[PDB]
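Colleague: Pasting in a structure now, in structure tokens, and then I'll have a few things to ask.
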Amino acid sequence: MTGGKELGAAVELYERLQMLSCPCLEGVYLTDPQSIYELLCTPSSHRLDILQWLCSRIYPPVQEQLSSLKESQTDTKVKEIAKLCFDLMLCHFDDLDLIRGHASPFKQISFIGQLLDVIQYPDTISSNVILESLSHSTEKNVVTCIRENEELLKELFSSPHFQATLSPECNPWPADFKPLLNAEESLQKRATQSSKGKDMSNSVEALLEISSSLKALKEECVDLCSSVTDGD
Amino acid sequence: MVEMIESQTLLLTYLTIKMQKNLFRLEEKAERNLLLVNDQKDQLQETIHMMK
Amino acid sequence: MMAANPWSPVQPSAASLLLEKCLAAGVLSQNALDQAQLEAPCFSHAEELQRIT
Amino acid sequence: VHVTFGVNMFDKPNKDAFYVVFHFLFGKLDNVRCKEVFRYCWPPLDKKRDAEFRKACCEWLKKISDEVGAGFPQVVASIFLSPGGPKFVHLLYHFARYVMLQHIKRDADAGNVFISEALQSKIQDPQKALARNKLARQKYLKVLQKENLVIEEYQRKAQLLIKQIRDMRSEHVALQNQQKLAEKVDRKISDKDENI
């Protein structure tokens, strides 16, 4: 039940970590969703140094700072990662236990996805632009992004649709369905009284019993299954 | 320039949050509107099965 | 008055009439929407009921 | 036809855009306290109501200038006598930033409220500002892309059911007439199992 969606999302984040070439997976060839979920969701150094690589991919000046911090300074790495993720609008600066791995798995998964999204994919491998002097790259990249954002914001805000996206409503429903859709205080009682994860199971359970009973009756009635079409 | 980019960040994140709160409200009643029509489907399909 | 056709196709979203526009103006590119896809399946308990029906 | 708006509206002294935009920003900030504080001066059509409106705007904005303190352009009542030029613009920019933060502190989730304090942190490093900014821009696109998926899939799933329930509403009526042919014939049910 439940955790099957947290197991599946751990595989999504793990295959994306391989696509984005995480060196903290070099030789770490897991094929079990439980082991993959535990690598992303349990309190480990392996996971904390993955979170440090994700932080270094998004914001390289943290890589000097976190490599200055030892094994015996890991609970200091945790606070500078949480403080970075707060500055980056991902968690609170005291959200240390999301950074360690004691938070609920869906919160860890949602946090790791919001790191992997910002690590744009290597689609046009521009081989030389990896290590030419960052101190004469960063200000250009800030000005170009400020320009992209001025153009994109000025041309988003020129659209007549630009208040509807910010306040969306939809109605596919024609007149011959609106008596049902107005019957809220009667019909929503049924919609809240269904036990769902039970109801789905008992439906397949009865379908299997009736299929077995129908099979057995046809394996008995074999002579009556003979196509003697000339009955009249 | 640093206050300029952080004025664009505030525009973007304000719009995202304004969308999230109004879009989840549409999705919440859109599922209930589909459920209120699957109630009508189920009973009608089952009545038709007895009549068959 | 005019009336809507009950057999009109799916109407475009306020989002599509903003995304199509920002692509046509070159302030977005498809590669920057591809690297922003979000496969959250919608109305999944309306499907849970439909599958029982 | 008598009140200019848009970017350049305060490059010159403009009382009518000042009246409108300040009543608006107080009205999106606190809709009840706007409807009280301006109750006796709105709209400022005359020379007494102009003085009372300018007093009320200056006293609410001085509270914001004391509440936000060093983050806010120091509010002085002379600014509203001839409302325009870049010292009026700069006050209106920080006022708009404050009203947007007073919406992030209202319209973000109970787990996401910290985004207000993050956007109150004036980062001084252009690299972490660029990283925060890309993350904000991509979070915007991801919600804009799911707005299509919700509006489009709600139409797809509804139009399917709008057919299936119309189809079944006619098949039911065919069956309920075929039934009323057999209701004329069968009056020999109790005979059946005896005669078998």
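Identifiers for the structure tokens are assigned positionally: chains receive A, B, ... in sequence, residues are indexed from 1 per chain, and ligands are indexed from 1 in the order shown.
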Taking only C-alpha atoms into account, report as a ChimeraX atom specification which residues of chain D lie within 6 Å of chain C.

Modeller: /D:142,144,148,155

Colleague: Output the contact residues of chain A with respect to chain D at a cut-off of 10 Å, based on only C-alpha atoms, as a ChimeraX atom specification.

Modeller: /A:58-62,84-93,114-115,117-119,138-139,141-143,145-146,149,152,165-166,168-174,176-177

Colleague: Go ahead and write the residues just picked, C-alpha atoms, as a PDB file, in the first residue's frame.

Modeller:
```
ATOM      1  CA  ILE A  58      23.472  23.995  -7.887  1.00  0.00           C
ATOM      2  CA  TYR A  59      25.921  26.306  -6.016  1.00  0.00           C
ATOM      3  CA  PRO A  60      29.678  25.458  -6.548  1.00  0.00           C
ATOM      4  CA  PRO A  61      31.086  27.942  -3.883  1.00  0.00           C
ATOM      5  CA  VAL A  62      29.693  25.550  -1.181  1.00  0.00           C
ATOM      6  CA  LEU A  84      21.976  26.797   1.884  1.00  0.00           C
ATOM      7  CA  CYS A  85      18.619  25.009   1.253  1.00  0.00           C
ATOM      8  CA  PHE A  86      16.851  27.783   3.266  1.00  0.00           C
ATOM      9  CA  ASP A  87      18.591  30.499   1.177  1.00  0.00           C
ATOM     10  CA  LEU A  88      17.530  28.407  -1.922  1.00  0.00           C
ATOM     11  CA  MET A  89      13.806  28.203  -0.790  1.00  0.00           C
ATOM     12  CA  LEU A  90      13.765  24.375  -0.239  1.00  0.00           C
ATOM     13  CA  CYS A  91      13.494  23.991   3.613  1.00  0.00           C
ATOM     14  CA  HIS A  92      13.864  25.800   6.998  1.00  0.00           C
ATOM     15  CA  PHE A  93      17.452  26.522   8.246  1.00  0.00           C
ATOM     16  CA  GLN A 114      13.530  19.884  -6.059  1.00  0.00           C
ATOM     17  CA  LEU A 115      17.379  19.565  -6.051  1.00  0.00           C
ATOM     18  CA  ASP A 117      15.195  19.640 -11.176  1.00  0.00           C
ATOM     19  CA  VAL A 118      17.598  22.647 -10.814  1.00  0.00           C
ATOM     20  CA  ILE A 119      20.559  20.512 -12.049  1.00  0.00           C
ATOM     21  CA  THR A 138      29.482  34.564 -12.963  1.00  0.00           C
ATOM     22  CA  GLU A 139      28.700  38.307 -13.498  1.00  0.00           C
ATOM     23  CA  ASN A 141      25.686  34.750 -16.363  1.00  0.00           C
ATOM     24  CA  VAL A 142      23.851  36.938 -13.762  1.00  0.00           C
ATOM     25  CA  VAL A 143      23.389  39.802 -16.322  1.00  0.00           C
ATOM     26  CA  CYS A 145      19.739  35.738 -16.622  1.00  0.00           C
ATOM     27  CA  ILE A 146      18.494  39.213 -15.434  1.00  0.00           C
ATOM     28  CA  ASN A 149      13.953  37.355 -16.723  1.00  0.00           C
ATOM     29  CA  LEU A 152      10.215  36.672 -19.985  1.00  0.00           C
ATOM     30  CA  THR A 165      -3.431  31.330 -15.130  1.00  0.00           C
ATOM     31  CA  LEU A 166      -3.151  33.021 -11.712  1.00  0.00           C
ATOM     32  CA  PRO A 168      -7.878  29.152 -12.841  1.00  0.00           C
ATOM     33  CA  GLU A 169     -11.442  27.756 -13.172  1.00  0.00           C
ATOM     34  CA  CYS A 170     -12.904  25.175 -15.621  1.00  0.00           C
ATOM     35  CA  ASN A 171     -16.346  23.664 -16.440  1.00  0.00           C
ATOM     36  CA  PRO A 172     -16.650  20.906 -19.132  1.00  0.00           C
ATOM     37  CA  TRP A 173     -20.105  20.061 -17.669  1.00  0.00           C
ATOM     38  CA  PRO A 174     -23.263  20.728 -19.822  1.00  0.00           C
ATOM     39  CA  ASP A 176     -27.848  17.628 -18.510  1.00  0.00           C
ATOM     40  CA  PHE A 177     -25.192  16.913 -15.788  1.00  0.00           C
TER      41      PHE A 177
END
```

Colleague: Pick from B:25, B:51, B:32, B:43: nearest to chain D, with only C-alpha atoms counted?

Modeller: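 Of B:25, B:51, B:32, B:43, the one nearest chain D is B:51, counting only C-alpha atoms.
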
Colleague: What's the 12 Å shell around residue B:47, counting only C-alpha atoms, without same-chain residues fewer than 6 positions away, as a list in words?

Modeller: residues 40 and 41 of chain B; 168, 169, 171, 172, 173, 175 and 176 of chain D

Colleague: Please produce a file of the residues just selected, as a compact mmCIF listing (two decimals), in the first residue's frame, where the atoms kept are C-alpha atoms.

Modeller:
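Output (result15.txt):
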```txt
# COMPACT_ATOMS: atom_id res chain seq x y z
CA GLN B 40 -24.25 8.23 -11.80
CA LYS B 41 -22.19 5.87 -14.08
CA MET D 168 -26.29 4.32 -21.28
CA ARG D 169 -29.28 6.75 -20.83
CA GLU D 171 -29.66 1.79 -23.94
CA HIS D 172 -31.64 1.76 -20.64
CA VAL D 173 -34.71 3.11 -22.58
CA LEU D 175 -34.21 -2.36 -22.63
CA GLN D 176 -37.13 -0.80 -20.64
```

Colleague: Write out as a PyMOL selection string every residue belonging to chain B that has an atom at most 6 Å from any atom of chain D, counting only C-alpha atoms.

Modeller: chain B and resi 9+12-13+16+48

Colleague: Compile the contact shell of residue C:25 as a list in words: residues with an atom at most 10 Å away, counting only C-alpha atoms, same-chain residues fewer than 3 positions apart removed.

Modeller: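 Listing them by chain and then by number gives residues 151, 152, 155 and 156 of chain A; 19, 20, 21, 22, 28 and 29 of chain C.
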
Colleague: Please give the complete set of residues from chain D that DSSP, run on the backbone, assigns to alpha helix (DSSP H), formatted as a PyMOL selection string.

Modeller: chain D and resi 15-29+31-37+47-67+86-107+114-120+126-182+192-195

Colleague: Only residues of chain B matter here; which ones have an atom within 9 Å of chain A, counting only C-alpha atoms? Give them as a list in words.

Modeller: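 Taking only C-alpha atoms into account, residues 1, 2, 4, 5, 8, 11, 12, 15, 16, 18, 19, 20, 21, 22, 23, 25, 26, 30, 32, 33, 35, 36, 37, 39 and 40 of chain B sit within 9 Å of chain A.
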
Colleague: Kindly export the residues of the current selection with N, CA and C atoms, as an mmCIF file, in the first residue's frame.

Modeller:
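As written to disk, again_19.cif reads:
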```cif
data_model
loop_
_atom_site.group_PDB
_atom_site.id
_atom_site.type_symbol
_atom_site.label_atom_id
_atom_site.label_comp_id
_atom_site.auth_asym_id
_atom_site.auth_seq_id
_atom_site.Cartn_x
_atom_site.Cartn_y
_atom_site.Cartn_z
ATOM 1 N N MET B 1 22.163 45.535 -9.203
ATOM 2 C CA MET B 1 21.818 44.304 -9.932
ATOM 3 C C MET B 1 21.388 43.156 -9.007
ATOM 4 N N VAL B 2 21.999 43.020 -7.826
ATOM 5 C CA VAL B 2 21.668 41.942 -6.868
ATOM 6 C C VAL B 2 20.259 42.136 -6.291
ATOM 7 N N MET B 4 17.995 43.742 -8.050
ATOM 8 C CA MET B 4 17.195 43.605 -9.273
ATOM 9 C C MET B 4 16.817 42.142 -9.540
ATOM 10 N N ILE B 5 17.779 41.208 -9.508
ATOM 11 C CA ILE B 5 17.487 39.771 -9.668
ATOM 12 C C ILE B 5 16.609 39.253 -8.521
ATOM 13 N N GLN B 8 13.109 40.000 -9.295
ATOM 14 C CA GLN B 8 12.575 39.039 -10.270
ATOM 15 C C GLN B 8 12.228 37.709 -9.590
ATOM 16 N N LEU B 11 8.914 38.220 -7.835
ATOM 17 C CA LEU B 11 7.833 38.177 -8.827
ATOM 18 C C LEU B 11 7.497 36.730 -9.197
ATOM 19 N N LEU B 12 8.498 35.927 -9.562
ATOM 20 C CA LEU B 12 8.321 34.520 -9.931
ATOM 21 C C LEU B 12 7.686 33.707 -8.792
ATOM 22 N N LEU B 15 4.043 34.578 -8.005
ATOM 23 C CA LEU B 15 3.159 34.044 -9.044
ATOM 24 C C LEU B 15 2.965 32.533 -8.882
ATOM 25 N N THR B 16 4.034 31.768 -8.633
ATOM 26 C CA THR B 16 3.954 30.318 -8.389
ATOM 27 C C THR B 16 3.000 29.991 -7.241
ATOM 28 N N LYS B 18 0.584 32.039 -5.882
ATOM 29 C CA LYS B 18 -0.749 32.482 -6.340
ATOM 30 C C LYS B 18 -1.407 31.439 -7.259
ATOM 31 N N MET B 19 -0.633 30.801 -8.143
ATOM 32 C CA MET B 19 -1.106 29.693 -8.979
ATOM 33 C C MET B 19 -1.406 28.442 -8.148
ATOM 34 N N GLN B 20 -0.462 27.949 -7.333
ATOM 35 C CA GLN B 20 -0.618 26.733 -6.519
ATOM 36 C C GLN B 20 -1.934 26.720 -5.727
ATOM 37 N N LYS B 21 -2.205 27.783 -4.959
ATOM 38 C CA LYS B 21 -3.370 27.850 -4.063
ATOM 39 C C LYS B 21 -4.705 27.902 -4.820
ATOM 40 N N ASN B 22 -4.734 28.521 -6.003
ATOM 41 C CA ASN B 22 -5.936 28.605 -6.838
ATOM 42 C C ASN B 22 -6.130 27.377 -7.748
ATOM 43 N N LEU B 23 -5.041 26.734 -8.183
ATOM 44 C CA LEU B 23 -5.037 25.527 -9.012
ATOM 45 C C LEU B 23 -5.384 24.274 -8.204
ATOM 46 N N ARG B 25 -7.269 24.222 -5.545
ATOM 47 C CA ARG B 25 -8.715 24.451 -5.376
ATOM 48 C C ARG B 25 -9.539 24.017 -6.600
ATOM 49 N N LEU B 26 -9.019 24.189 -7.819
ATOM 50 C CA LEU B 26 -9.668 23.675 -9.031
ATOM 51 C C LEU B 26 -9.557 22.146 -9.111
ATOM 52 N N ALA B 30 -12.496 19.438 -9.115
ATOM 53 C CA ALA B 30 -12.515 18.671 -10.360
ATOM 54 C C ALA B 30 -12.560 17.154 -10.101
ATOM 55 N N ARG B 32 -13.853 15.798 -7.224
ATOM 56 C CA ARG B 32 -15.221 15.635 -6.690
ATOM 57 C C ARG B 32 -16.301 15.705 -7.773
ATOM 58 N N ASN B 33 -16.165 16.571 -8.775
ATOM 59 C CA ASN B 33 -17.074 16.627 -9.922
ATOM 60 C C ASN B 33 -17.015 15.350 -10.780
ATOM 61 N N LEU B 35 -16.087 12.259 -9.466
ATOM 62 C CA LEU B 35 -16.669 11.275 -8.538
ATOM 63 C C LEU B 35 -18.207 11.335 -8.505
ATOM 64 N N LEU B 36 -18.788 12.539 -8.463
ATOM 65 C CA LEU B 36 -20.243 12.768 -8.529
ATOM 66 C C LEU B 36 -20.881 12.307 -9.852
ATOM 67 N N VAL B 37 -20.078 12.115 -10.899
ATOM 68 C CA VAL B 37 -20.519 11.603 -12.203
ATOM 69 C C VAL B 37 -20.239 10.101 -12.335
ATOM 70 N N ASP B 39 -20.572 8.129 -9.625
ATOM 71 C CA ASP B 39 -21.772 7.675 -8.889
ATOM 72 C C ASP B 39 -22.948 7.419 -9.858
ATOM 73 N N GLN B 40 -23.241 8.383 -10.741
ATOM 74 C CA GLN B 40 -24.250 8.235 -11.798
ATOM 75 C C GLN B 40 -23.901 7.116 -12.793
#
```

Colleague: From the options B:14, B:29, B:50, B:34, which residue's atoms come nearest to chain C, counting only C-alpha atoms?

Modeller: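 Closest residue, counting only C-alpha atoms: B:34.
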
Colleague: When you look at residue A:67 with a cut-off of 12 Å (counting only C-alpha atoms), what residues show up, excluding the ones that are within fewer than 3 positions of it in the same chain? I need them as a PyMOL selection string.

Modeller: chain A and resi 49+52-53+56+60-64+70-71+73-74+76-77+80

Colleague: One number please: atom CA of residue A:112 to atom CA of residue A:72, in Å, one decimal.

Modeller: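 Between these atoms lies a distance of 24.5 Å.
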
Colleague: So what do you get for atom CA of residue D:46 versus atom CA of residue D:17, distance-wise?

Modeller: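 About the pair atom CA of residue D:46 and atom CA of residue D:17: they are 15.6 Å apart.
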
Colleague: Rounded to one decimal place, report the atom CA of residue A:154-atom CA of residue D:88 distance in Å.

Modeller: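 Distance between the two atoms: 22.4 Å.
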